[PDB]
Amino acid sequence: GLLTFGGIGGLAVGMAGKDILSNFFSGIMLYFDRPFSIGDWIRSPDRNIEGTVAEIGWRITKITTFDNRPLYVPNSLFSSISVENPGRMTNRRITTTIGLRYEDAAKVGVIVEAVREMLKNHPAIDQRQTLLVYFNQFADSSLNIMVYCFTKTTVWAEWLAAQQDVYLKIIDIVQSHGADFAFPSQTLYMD
Amino acid sequence: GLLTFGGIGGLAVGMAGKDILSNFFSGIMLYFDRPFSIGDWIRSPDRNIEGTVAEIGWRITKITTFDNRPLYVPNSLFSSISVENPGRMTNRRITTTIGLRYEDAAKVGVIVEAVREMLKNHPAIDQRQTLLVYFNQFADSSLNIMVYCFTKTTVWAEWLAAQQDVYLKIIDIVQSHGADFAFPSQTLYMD
Amino acid sequence: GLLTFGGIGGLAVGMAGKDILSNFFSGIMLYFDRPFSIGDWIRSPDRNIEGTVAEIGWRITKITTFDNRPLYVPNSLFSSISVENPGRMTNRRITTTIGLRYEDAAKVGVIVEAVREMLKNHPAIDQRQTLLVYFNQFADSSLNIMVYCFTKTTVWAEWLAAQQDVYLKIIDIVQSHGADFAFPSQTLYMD
Amino acid sequence: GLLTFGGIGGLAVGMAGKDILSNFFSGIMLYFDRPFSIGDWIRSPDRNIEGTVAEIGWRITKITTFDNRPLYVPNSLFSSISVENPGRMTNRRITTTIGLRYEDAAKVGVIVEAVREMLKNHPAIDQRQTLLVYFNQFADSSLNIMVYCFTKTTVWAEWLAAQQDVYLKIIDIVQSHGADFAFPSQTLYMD
Amino acid sequence: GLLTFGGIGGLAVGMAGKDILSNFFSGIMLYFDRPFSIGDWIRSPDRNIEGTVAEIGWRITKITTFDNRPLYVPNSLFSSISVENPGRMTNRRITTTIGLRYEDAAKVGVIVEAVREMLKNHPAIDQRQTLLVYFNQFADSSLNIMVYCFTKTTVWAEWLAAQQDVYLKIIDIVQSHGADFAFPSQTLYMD
Amino acid sequence: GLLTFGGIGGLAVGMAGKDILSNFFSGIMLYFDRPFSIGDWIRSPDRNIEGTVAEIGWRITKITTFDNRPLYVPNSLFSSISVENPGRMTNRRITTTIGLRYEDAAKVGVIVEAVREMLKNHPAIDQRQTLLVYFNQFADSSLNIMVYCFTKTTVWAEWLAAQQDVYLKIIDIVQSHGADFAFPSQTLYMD
Amino acid sequence: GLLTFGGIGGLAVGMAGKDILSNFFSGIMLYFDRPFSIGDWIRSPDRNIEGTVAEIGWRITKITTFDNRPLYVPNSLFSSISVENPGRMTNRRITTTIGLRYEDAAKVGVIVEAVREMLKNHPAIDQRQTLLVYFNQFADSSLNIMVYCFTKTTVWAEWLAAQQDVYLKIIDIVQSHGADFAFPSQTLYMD
């Protein structure tokens, strides 16, 4: 009897409150080992925890989303998911595709070399990072050329301006020769 | 025999009714640590619990959906999912895409500067928040320009009016020059 | 040997028969705390239990679907999923989108005001609920206007009649000016 | 040493063989509480167990699919999923959509009333069940009218004949006025 | 110390080695209760175990796929998934859809009766099984007629020949009157 | 106190380190019972373990993918997933679809018989395996004919050459009569 | 009382803190048995851990993504997922599809032989690896030819240059005869 209600109930009690003690243990571990600061935004490819950290409590962490809305995340999630910290980034990346008209195949090399030369001389591009311009796709409606480079600023303000300037220069270079980009461009076979 | 029979019965009973005790423990924890009030609506990216909180019981929480239907949520969910509280937001966000006609590439800069100037002078826009207008997509059928700003009201009533006014002003600015937006716009190669 | 043999047997029994005792405990909890009545239909965003409740047993709950087919739901589901009770609703909602032709942008304001005034004077619309008519989308082929209102009846019979009348009045108002709705409406660029 | 060795062996045995005794306990529960008979077909929205029951054993249940192929289902599934019994249905449902041509908007009311009157006078329709004919969709390429009624037979043979007769009468009624249904019907804007 | 150390070691061993002993227990249960033979092919709607059984071991079962490649399946799967045995089928099913031109609505009845009469007199069709031919779909681009019948052979060789003959006869019957099937068949509305 | 403290510590250790000892037990089982050799490539429909086996360790198995990149797979996966061994295959399969023009329905039989006769006389086709050529699809834009045969070689080099030769012969046979294959081929209905 | 209280508390602690001790055990195992080094990038088909390893701690591993952002991965993941190490690759693979115009079927053999001969004599292609050029797809709008080869460099800089050169040579060879690639190319059946 005494054992029947002492050692049996304590098993249900000790197994039904598992999540709360897990949250508190994860909070303690975060206190001892913190992979992020307060004033930086974090990310996770497994769960949606996008936003800037606001407070770190014993049970839950308050995160301010980009909609200016508070988000409360239990601490136990941080012990089982991959946590990404874009706030500690060193450079911002520019990636795009060109997509010529599938008929201007003789201009691919000169366009690629012109784009590479332009990127090599742009003052806003970090020359110590990766810089690739090549035709490597062979799409079903266009000849695609990849662009891969990095900027030296990470403030989300002049990065966009640099990307816009690069895109405009790319358009100008493309239209300097006869490329004029491409569309879906099927055929019809009328009957 | 008595000890092992009691242990078996207790183990079966405890692991059979884990969910009920979990719900009650979560309700107690909510009573002690409440991340939301009564008269505010909450959200979660993991489960569908959208609606306004009505009552907070020991076992379940009653939430009034936007269809004016009651929704009963077990308390154990709140200890394992991320809870978002839009009712505590400070600003409302306006985001949209323009998408020019891929042929008016010489007007992109002037259109962007005009839209940015108009947004900077709109009385309904919070000037202390993020404000970005840039061409950063380079889509397959249009040249897309992003818009990102915040309003100073959060009442879902004049926020929509301000969004409509901003959209109409954007249309007027776009058609002031020759842009006229864009459509899918493939090609045919008739045969 | 006897003690450990009995413990092994009891542990195996508890492992195998967890679900049945879970169902019975959930049924008991339903008896003590019932979130729904008999003659009302319930819903769940997690599982498919749509239908009207018929009987509530100790193990399973009988639900009559809208195809006039019986559905038997184990009681353990109700302790781990969110349960919605549309049978306790207070109002029925009407939501729709208009989608003008992207060329009649000068009529958007007058159409919106006319629709709002018509909805404000409709005898079947509850004036104490939400009522929003705004242009807030910027779709890829149309200019979309949102409609959001509530009726004062919840009987699925004159709610549909009121919705049909509102839709017909909306069509009449839209065609009073020159809007004539819209289609996908791409472009071709023949060659 | 003997006690702990026996405990280890028993725990391993209980952990490994949970599913078999779970199946047997589920079969015993089915024997005591059977939600279906032998000569009726069952369904489940969670798993694929479609078919007609053939035999109910202690471990597995044999179900004859509609391809005349035997299907063996473990008994433990029936204690954790929702089981639907269409073999106990009282009526068969007819549901369809009309989809007018978006230009015959003045005929919607008369078409709806004609269809409703025809359904009310059809000898094969159960007049005590739900009967709704309304225009409630407002689709992107057609004006859709919903049809919702029940038949008094459940034999899968006269139900199909009644459905075909109803569809033919609907076609005749629709073409009596000028509706002629609708197609995707986009626009082109040639250039 | 010795007792608790032995208990810890045994708990670790039992938790780590659950799957192997589960596989052997499932193999033993298969030996005692076998739902399939060697020279027949099995199927499962839950997992991909398609193929013909070759050997049944204590731990794994070897199955020869239809690509003439060996497949090894652990025995524990058969105790938790539904197993289908097409090798024990009694008949093979023929199902197809016709899809008329949506303009020949006056020929639907005569076409249906002709197809039904043809199927009723075909020597390769089992007359004691289900036989249904009805117009029951009302598709968006065609008027669809369902066909449902069974053959008296199950050898995958003359079943295909009978299906081909039935399809050719259906084509001949359909083209005897003016139906000529149908295509997507949208509309364009030039501008 | 000592006994319960030791039991708690041991239970925590056993619960935390389950995966490592599971991997080692799976490796021991693989050593005792190996379903594959070193120099053959394996496959699994459950997880992505495509590649050729290189080494079999106590904890993990090293597999060389077809990109010439090493892949390390924990041993515990092999005790819970189905493992397919294409390296032990006896024949390679050729499967394809023809898809005539839906207007040449009178040539289906002669085309099928010609293709079957050609396959029956091809020196690279195994005559003791399955060989089926039938019209069994009735697609929405074409009349599809299935092809199913096996080759006597499994070297991935002569198999491709035989497949190419068979495809070219099929094209020649198809164009010998008037078939000319088919395209999507909708209709437009101008307005 | 003391014994059962301590047992319940220890069971709760062990059930709550499983993840942290699992992470530390996985870190220790990584220290003893590591499948990767610091200065190489790893991959996993199960989870998103793409990037280059930076630091290996006791609890978490720091990985630098290709966006120059830090990523923190718990150590327990590496004991349950497949880890791929592209940094230890020996060759880089080139794969592409040609897709002729469905009317130039008489040139397939000569085009295939020309492409194979060109690949056989390219100085940047490893002749000891797989090299396949065959027509094996028979697509719905084109006759597709597969290309499969390997390069002798693995530094991502001249690999792209070699791929671009190969693609340009393929284009030149294809246009040497009359192929001119292909488009979707449906038919219209005007009415």
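Protein chains in written order, with the authors' numbering: chain A, 97 to 287; chain G, 97 to 287; chain F, 97 to 287; chain E, 97 to 287; chain D, 97 to 287; chain C, 97 to 287; chain B, 97 to 287. Even for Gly, the Cβ is constructed at its ideal location relative to N, Cα and C.
From which residue to which residue does the beta strand (DSSP E) around residue i run?
i, result
"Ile134 of chain F", "Where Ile134 of chain F is concerned, there is no enclosing beta strand (DSSP E), given that its DSSP letter is neither H nor E."
"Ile145 of chain G", "First-last for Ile145 of chain G: undefined, no H or E at that position."
"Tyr168 of chain A", "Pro166 to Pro170"
"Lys158 of chain F", "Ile156 to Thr160"
"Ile190 of chain G", "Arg188 to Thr193"
Using only the alpha-carbon positions, how far apart do residue i and residue j sit?
i, j, result
"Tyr127 of chain C", "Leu107 of chain C", "29 Å"
"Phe234 of chain B", "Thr247 of chain B", "28 Å"
"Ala275 of chain A", "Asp200 of chain A", "6 Å"
"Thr186 of chain G", "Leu173 of chain C", "49 Å"
"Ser272 of chain A", "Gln260 of chain B", "22 Å"
"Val179 of chain C", "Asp163 of chain D", "15 Å"
"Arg184 of chain G", "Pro131 of chain G", "11 Å"
"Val229 of chain A", "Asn240 of chain A", "11 Å"
"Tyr244 of chain E", "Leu196 of chain D", "25 Å"
"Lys265 of chain F", "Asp136 of chain F", "33 Å"
"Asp142 of chain D", "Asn144 of chain E", "8 Å"
"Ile124 of chain C", "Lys158 of chain C", "16 Å"
"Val169 of chain D", "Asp129 of chain D", "17 Å"
"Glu209 of chain G", "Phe279 of chain A", "28 Å"
"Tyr198 of chain A", "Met242 of chain C", "35 Å"
"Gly205 of chain B", "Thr193 of chain B", "15 Å"
"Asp236 of chain G", "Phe277 of chain B", "21 Å"
"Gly153 of chain A", "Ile116 of chain A", "13 Å"
"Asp287 of chain G", "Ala257 of chain F", "51 Å"
"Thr226 of chain B", "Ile190 of chain C", "21 Å"
"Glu151 of chain E", "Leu167 of chain D", "30 Å"
"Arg188 of chain G", "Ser281 of chain A", "41 Å"
"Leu99 of chain E", "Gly105 of chain B", "24 Å"
"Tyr263 of chain A", "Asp222 of chain A", "17 Å"
"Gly113 of chain B", "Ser140 of chain G", "26 Å"
"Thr283 of chain G", "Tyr285 of chain D", "18 Å"
"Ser238 of chain A", "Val270 of chain B", "16 Å"
Could you pull the start and end residues of the alpha helix (DSSP H) that residue i belongs to?
i, result
"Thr100 of chain G", "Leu98 to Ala112"
Practice prompt. Tell me the start and end of each unbroken beta strand (DSSP E) in the segment 211-253 of chain C that is at least 3 residues and wholly inside, in chain order.
Written response: 228-231 and 241-247
Worksheet item: Below 8 Å, can you find three or more Cβ-Cβ pairs linking the segment 206-220 of chain B to the segment 251-258 of chain C?
Response: no
Discussion item. To be precise: take each residue of the segment 193-210 of chain F, compare its Cβ to all Cβ atoms of chain G, and keep it if any distance is under 8 Å. Which residues remain?
Written reply: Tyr198, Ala201, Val204, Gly205 and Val208
Item to complete: Check distances from the C-beta atoms of the segment 123-143 of chain F to those of chain G and list, in chain order, the residues that come in under 7 Å.
Response: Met125, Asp129, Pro131 and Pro141
Fill in: Near-chain E residues of the segment 166-183 of chain F - C-beta to any C-beta below 8 Å
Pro166, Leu167, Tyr168, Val169, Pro170, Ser172 and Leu173
Fill in: Proximal residues, the segment 262-274 of chain E versus chain D, C-beta separation under 9 Å
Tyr263, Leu264, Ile266, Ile267, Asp268 and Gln271
Item to complete: Select from the segment 216-238 of chain D all residues with a C-beta closer than 8 Å to any C-beta belonging to chain C, and list them in chain order.
Response: none
Worksheet item: Going along the chain, which residues of the segment 99-111 of chain C sit with their C-beta nearer than 8 Å to a C-beta in chain B?
Response: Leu99, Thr100, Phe101, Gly103, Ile104, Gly105, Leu107, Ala108, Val109 and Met111
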